[PDB]
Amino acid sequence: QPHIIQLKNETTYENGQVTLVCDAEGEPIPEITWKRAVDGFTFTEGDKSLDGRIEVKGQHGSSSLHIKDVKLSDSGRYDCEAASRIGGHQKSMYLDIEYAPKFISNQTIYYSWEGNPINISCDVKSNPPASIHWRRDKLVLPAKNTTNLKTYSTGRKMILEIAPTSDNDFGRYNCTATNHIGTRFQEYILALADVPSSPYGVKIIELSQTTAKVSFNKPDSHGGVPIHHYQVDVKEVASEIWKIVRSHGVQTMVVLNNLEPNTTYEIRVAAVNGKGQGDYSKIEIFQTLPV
């Protein structure tokens, strides 16, 4: 002895309550300790709680771990440790947490020109797995009287393809997700755009006394908004005149020449298309090598 004789898996739901029970036989009657596996955190009777949601009751033979206001983060493995002096045994169970679908896309606002294709991505996490639909108003998509809309489904993701856009395609879209816990929705926006968005993540990746290579990320319109070229502006920090270098088409690296050694420069990048020039990236500072 001792021997854990009860430690059931449990399934609960977000915002609900669950009680985990562990029973152990043995002589002497063993002390029971709870361990949350993801972070190795220990629970014992009395040992309070920070957020208050979690308490343990009973210490010998049987112990209850009570969690109120269940969070998704409470999901996973919990360990029960039964120990007497003789005197050791551990067992795991898993807490399965169910919940209404949640929308987890990084982007809900999309931009496109007239006449361009664009995919709008609806990303859903739910337990159990949800059914996802796209809708415009009350109409499920694609409608029967359209020839420019398609959907593509992959478990946690449903893509709405609009190819190409016409003006009436702009506006609000409604992505709905449903499981036995509930139905939830998330609105997405497709807006008619003109100039490119701001480039970002600009870095100096090569650097000498008189030259530097700047590299950046294109603004991702997901193909809605064209980029013709980039304008790279460079300026010595106590100088007034921005020197402009155009990129070779849609290349996202540009080599800067004719720099002074040991000199501090500001650099900013903007994308340009047929409708004009977008915002500049956040200004970055570099300093050429000394002689």
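The first residue of the sequence shown is number 1, and the count goes up from there.
The stretch with the higher mean CA B factor, choosing between 80-88 and 154-162, is 80-88. Looking at 217-225 and 193-201 together, the entry lists the larger mean B-factor for 217-225, computed on C-alpha atoms.
Looking only at 126, 112, 168, 174, the residue with the top Cα B factor in the deposited structure is 126. As recorded in the entry, 24 carries the highest CA temperature factor of 24, 21, 283, 271. In the deposited entry, the Cα temperature factor of residue 36 sits in the middle third of values across the chain's modelled residues. In this PDB entry, residue 188 carries a Cα temperature factor that places it within the lowest third of its chain's modelled residues. Among the modelled residues of its chain, residue 263 has a C-alpha B-factor that falls in the lowest third, as given in the PDB entry. In the deposited entry, the Cα temperature factor of residue 246 sits in the middle third of values across the chain's modelled residues.
Among the modelled residues of its chain, residue 143 has a C-alpha B-factor that falls in the highest third, as given in the PDB entry.
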